[PDB]
Ligand SMILES: [Cl-]
Ligand SMILES: [Cl-]
Ligand SMILES: [Cl-]
Ligand SMILES: [Cl-]
Ligand SMILES: [Cl-]
Ligand SMILES: [Cl-]
Ligand SMILES: [Cl-]
Ligand SMILES: [Cl-]
Ligand SMILES: [Cl-]
Ligand SMILES: [Cl-]
């Protein structure tokens, strides 16, 4: 790619702020092309021990160009900052989309496709020893044609998706992602998360101690219940792991190769540029 | 893919009409998804040419996944017809696009990107032993975000892109695709094809015997002129081949790995 510097991008708007990074909507000078540019303080990266994360993002994930991870176009530096010019997703996120559909529920074909796309993303991250840690609808972005893409993992509701492991020990492993994935699958199919409460204390107690229950009013295939139940085993040591999740009978009727090729479209996508 | 038949697609409009096949815009019933479906009357398979083309589409091209080859979702048959459900390209084709831009000329960055994407498609076809043989702007479709995609399952302008190899022998090698590629690069940069005439006989005589001539009113890099000239060598044996085309200095400002990942966007794309 061209040897760009910060001078080659015109800031149009702000897309968010963080501890030591911010994201701006930019237009590449001389073109009509828009991008989401993440600007990260170099000293901040060093103080937060994020150099490995940056190396993986820039030198490993960028080569994979996974369809359901955010696309990276350019990385470059200034004196004090590193810049990551990434795809601008104006189609919103999955939290907003699900809150706008009737009953808050996605039908089975859509839930299964989005579950497969998200699973492929999570499996790719784990292969690179990256734990997403914050899987939730707000961090799943939608393309213009209705496919799911994981939000920038460096950047990042949450109380409902936290695993027992994190509440008890703050210990992050691949299993916490599969717990959150089970919460997400349940949410897409049922219209709500499985564990709630009148305050955070009750929510955490239910996450730790309450048996999983499915709504009597929602028709869920037995295979989906089986997979969600195994993803939401309380003890991480006995939780279903990646290979068994990918081989689970719930994925009957969806071909992961065709999903990776974008040949399985969302049946009811509502484009809205 | 889920099993389908003709009954699962509702015709919205007609996109193209051909001798023994037509393309329609369709919607998968029960969804909001749109596709382009080519319908081929099996009666037209008596022609060895049309029979071979459909054979290649059903058995070879159907198995290729490439960003710049048109995507095929389903292929199936009825008692007397054949069906190809492919991606509907919202941007239309490169012939209409180039006839809309001022002076009918694409700028150098756009010409180089589109040339790179088309070259990647051609090289992949040759690796699969497929000769496209009909490379021209009408067969280059445009995605909603401005990328070029070779039409693979469409209906069979054309006289301006035919190589001397075809005119002399009626015989085809990989070289005919690189001749058409030469004509296309010249068209994008210069606003017209190199060889024209007042009738078809004049056009063919110029292709066979007239030395390539570049316009005096259009300035193009010497590297672009060199590559087009190597592509438009009339003797097939001495025409530039695939690997030398890919390594040519004209592609200096392009990285083909990034183009394959759709990380090089067209700078002026007008999604209308
Ligand atoms: Cl511009
Ligand atoms: Cl390290
Ligand atoms: Cl510094
Ligand atoms: Cl970061
Ligand atoms: Cl794509
Ligand atoms: Cl069939
Ligand atoms: Cl052949
Ligand atoms: Cl050859
Ligand atoms: Cl060759
Ligand atoms: Cl390559």
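All Cβ positions, even for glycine, are placed from backbone atoms using ideal geometry, and neighbour counts span all protein chains on display. Basis: the model, the stated rules and, where named, an outside source; no laboratory read-out is quoted.
Overview of values
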read-out: Tally, over the stretch A:222-252, of residues that are over 22 Å from residue A:174 (Cβ atoms) and either exposed (fewer than 12 other Cβ atoms within 10 Å of the Cβ) or within 16 Å of ligand 10 (Cβ to nearest atom) (or both); value: 2
read-out: So residue B:118, is it in contact with a strand residue (DSSP E or B) (Cβ under 6 Å, 6 or more places away or on another chain), within 16 Å of ligand 10 (Cβ to nearest atom) and either assigned to a helix (DSSP H, G or I) or within 14 Å of chain A (Cβ to nearest Cβ) (or both); value: yes
read-out: Qualifying residues in the stretch A:30-49 (those that are outside any strand (DSSP E or B) and facing chain B (nearest Cβ under 10 Å)) - the one farthest from residue A:1 (Cα to Cα); value: A:32
read-out: Residues (assigned to a loop (DSSP other than H, G, I, E, B), farther than 14 Å from residue B:84 by Cα and more than 14 Å from chain A (Cβ to nearest Cβ)) located in the stretch B:1-19; value: B:18, B:19
read-out: Test set (1) in the same structural domain as residue A:253 (by TED's automatic domain parsing); (2) more than 24 Å from residue A:10 (Cα to Cα) - residue A:64 fails condition number; value: (1)
read-out: Lone qualifier among A:63, A:58, A:52 - being within 11 Å of chain B (Cβ to nearest Cβ) and either in a helix (DSSP H, G or I) or within 16 Å of ligand 1 (Cβ to nearest atom) (or both); value: A:63
read-out: Total residues in the stretch B:213-233, condition within 20 Å of residue B:166 (Cα to Cα) and touching a helix residue (DSSP H, G or I) at 6+ places or on another chain (Cβ under 6 Å); value: 3
read-out: Looking only at the stretch B:66-82, and only at residues there that are surrounded by 17 or more Cβ atoms within 10 Å (Cβ to Cβ) and outside any loop (DSSP other than H, G, I, E, B), the one that is nearest to ligand 10 (Cβ to nearest atom); value: B:69
read-out: Given (1) within 16 Å of ligand 10 (Cβ to nearest atom); (2) assigned by TED's automatic domain parsing to the domain that holds residue A:147, number of the condition residue A:99 does not satisfy; value: (1)
read-out: Test result for residue B:69, more than 13 Å from the chain's Cα centre (by Cα) and within 14 Å of chain A (Cβ to nearest Cβ); value: no
read-out: Where residue B:129 falls short, out of the listed (1) within 14 Å of chain A (Cβ to nearest Cβ); (2) under 22 Å from residue B:244 (Cα atoms); (3) out of contact with any helix residue (DSSP H, G or I) (no Cβ under 9 Å at 6 or more places or on another chain); (4) not in a helix (DSSP H, G or I); value: (1)
read-out: Helices (runs of 4 or more DSSP H) completely within the stretch B:176-263 that count 2 or more residues being away from ligand 9 (no atom under 16 Å from the Cβ) and away from chain A (no Cβ under 14 Å); value: B:200-209, B:222-231
read-out: Residue satisfying condition, being away from ligand 8 (no atom under 16 Å from the Cβ), loosely packed, with under 13 Cβ neighbours inside 10 Å and closer than 30 Å to residue A:70 by Cβ, within set B:259, B:264, B:270; value: B:270
read-out: Count of residues meeting criterion [surrounded by 14 or more Cβ atoms within 10 Å (Cβ to Cβ) and either outside the structural domain of residue A:183 (by TED's automatic domain parsing) or farther than 9 Å from residue A:194 by Cβ (or both)] in the stretch A:209-221; value: 3
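Here's the yes/no breakdown for (1) within 11 Å of the chain's Cα centre (by Cα); (2) surrounded by fewer than 18 Cβ atoms within 10 Å (Cβ to Cβ); (3) within 21 Å of residue A:239 (Cβ to Cβ):
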site: A:84; (1), (2), (3): no, no, no
site: A:90; (1), (2), (3): no, yes, no
site: A:108; (1), (2), (3): no, yes, no
site: A:116; (1), (2), (3): no, no, yes
site: A:127; (1), (2), (3): no, yes, yes
site: A:134; (1), (2), (3): yes, no, yes
site: A:138; (1), (2), (3): yes, yes, no
